[PDB]
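Step one of this worksheet: look at the structure below.
Number of protein chains: 2
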Amino acid sequence: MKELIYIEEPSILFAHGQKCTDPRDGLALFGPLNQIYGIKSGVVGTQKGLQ
Amino acid sequence: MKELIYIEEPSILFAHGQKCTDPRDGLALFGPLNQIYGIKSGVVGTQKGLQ
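Quick mapping for you: the protein sequence lines, in order, are chains I and M.
Heads up, the first sequence is in the entry's author numbering, so the first residue is 1 and it goes up one at a time.
Heads up, the second sequence is in the entry's author numbering, so the first residue is 1 and it goes up one at a time.
This is the structure:
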């Protein structure tokens, strides 16, 4: 018998300085904020792991 | 009064498995062997040095 206060959900930011809510939506729509030209990897283990 | 034996100048390798002598022209025409995509760097100094 008491009212429960509701607080609006905050928001996050994405590329081009624009706002959204879900990180997945921003990734599938605008991608990341900063860009790296690429990544060079390196693996350890068994050859089955390699394949 | 003695013989002067001569030995020819050897060669080096470049991109696409060719050969040449001068590294400058070989780089300017065919390029390196392994590719790098980014030279993300950092410097230290004063305002004049950065400018």
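In this text, a Cβ means the ideal position worked out from N, Cα and C, and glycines have one as well.
- Residue ranges of uninterrupted alpha helix (DSSP H) with 4 or more members, entirely inside the region 19–47 of chain M and ordered along the chain, are 23–29.
- In this structure, the beta-carbon distance from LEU29 of chain I to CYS20 of chain I falls below 9 Å.
- Checking the DSSP bridge columns, you'll see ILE7 of chain I has no partner listed.
- In the DSSP assignment, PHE14 of chain M falls outside any beta strand (DSSP E) and carries neither an H nor an E.
- Note on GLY17 of chain M: under 16 other CB atoms within 10 angstroms of its CB, so exposed under the neighbour-count rule.
- Cα atoms of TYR6 of chain I and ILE12 of chain I: separation of roughly 19 Å, rounded to the nearest angstrom.
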